[PDB]
Amino acid sequence: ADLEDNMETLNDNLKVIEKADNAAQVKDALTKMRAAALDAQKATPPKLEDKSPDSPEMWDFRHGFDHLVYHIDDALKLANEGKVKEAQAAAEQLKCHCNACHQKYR
Ligand code: HEC
Ligand SMILES: [Fe+3]
């Protein structure tokens, strides 16, 4: 999918997690977020269109998604342990990282 669609997937599923009734629901949402993060990582954002694909900016952009995936994986651990509230709180730790990338590259 294109970058905009993957961002909608991230945004929608964070809301799903916030509204979830059990940890399996959180797990399913996080799983979709993981996949959308890795698909987004393949994209070139508009603001870097005129930069080298090997530029430090593009590596930073890509690495931002690695870190999002790292957080998703830690929250998945909690979700798979049935810890719905902890897993929800861990998913909220994503938000600053959404914001930081947006500040740089949106
Ligand atoms: C870079 C490492 C990013 C991270 C991490 C996250 N987002 Fe993002 N997002 C990024 C860019 C470069 C853009 C602009 C793309 C463009 O074509 O203009 C966006 C945009 C969004 C949007 C808006 C989509 C739209 O059609 O305008 C949303 C709703 C969004 N991003 C959500 C989102 C969330 C919830 C994230 C953390 C879970 C997140 N993004 C991380 C780059 C990056
Ligand atoms: Fe972090």
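What counts, and where the lines are drawn
Residues numbered from 1 in each chain as written, not as in the entry; some residues may be left out. Chains lettered and ligands numbered in written order. Heavy atoms only, no water. Residues with missing side-chain atoms left out of burial classes, pairs and counts. Helix = DSSP H or I, 4+ residues; strand = E, 2+ residues; numbered from the N terminus. Buried < 20%, exposed > 50% of the residue type's maximum accessible area, 1.4 Å probe, protein only. Polar contact = N/O pair within 3.5 Å; in protein donor to acceptor, adjacent residues only side chain to side chain. Contact = heavy atoms within 4.5 Å. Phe/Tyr/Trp six-rings, centres within 6.5 Å; stacked < 30°, edge-to-face > 60°. UniProt positions renumbered as here; feature names shortened; annotations may be inferred. 1 Å grid on protein atoms, 1.4 Å probe; cavity = no way out; pocket = protein on both sides within 12 Å on 5 of 7 lines; lining within 4 Å. Donors = N, O, S within 2.8 Å, 3.2 Å for Na, K, Ca; no water. Tetrahedral: all angles 85-135°; square planar, octahedral: opposite > 155°, others 65-115°.

Draft legend 1. Region of the structure containing the side chain of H71. With respect to the secondary-structure elements, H71 resides in helix α3 (residues 56–80). For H71, a relative accessible area of 11% translates into the label buried. For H71, the side chain forms a polar contact with the side chain of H97, separated by 3.3 Å. Among all residues touching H71, those that are not within four sequence positions of it are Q93, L94 and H97.

Draft legend 2. Local environment of the packing of aromatic side chains. Under the definition given, this model contains two aromatic pairs. Measuring from ring centre to ring centre gives 6.2 Å for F61 and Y105, while their planes differ by 80 degrees; the resulting arrangement is edge-to-face. On the criterion of sequence distance, the pair formed by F61 in helix α3 and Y105 in helix α5 (residues 94–105) is long-range, its members being 44 residues apart. Aromatic rings pair up to connect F61, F65 and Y105 into one cluster.

Draft legend 3. Layout of the UniProt feature "binding site: heme b" in the protein. Annotation from UniProt places "binding site: heme b" at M7 and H102. Separation in sequence by 96 residues is not matched in space for these annotated residues, since their most distant C-alpha atoms are only 10.9 Å apart. From the list above, the largest pocket is lined by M7 and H102. Every residue in contact with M7, bar those within four places of it in the chain, is listed here: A40, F65 and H102. Secondary-structure assignment places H102 in helix α5. Judged by its relative accessible area of 33%, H102 falls in the partly exposed class.

Draft legend 4. View of the coordination of the iron ion (ligand 2). With distances of 2.1 to 2.2 Å, the protein atoms coordinating the iron ion (ligand 2) are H67 (NE2), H71 (NE2) and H97 (NE2). In primary-sequence terms, the residues that donate to the iron ion (ligand 2) follow H-x3-H-x25-H. Of this pair, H67 sits in helix α3 while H97 sits in helix α5, and the two are 30 residues apart along the sequence. For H67, a relative accessible area of 33% corresponds to the partly exposed category. A residue is classified by how much of its surface remains accessible, and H97, at 30% relative accessible area, is partly exposed.

Draft legend 5. Structural context of the coordination of the iron atom of ligand 1. Looking at the iron atom of ligand 1, the protein donor atoms are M7 (SD) and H102 (NE2), and they sit 2.0 to 2.3 Å from it. One way to put it: the six donor atoms around the iron atom of ligand 1 meet at angles of 86 to 179 degrees, and that makes the site octahedral. Note that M7 is positioned in helix α1 (residues 3–19) and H102 in helix α5, a separation of 95 residues in sequence. For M7, a relative accessible area of 27% translates into the label partly exposed.

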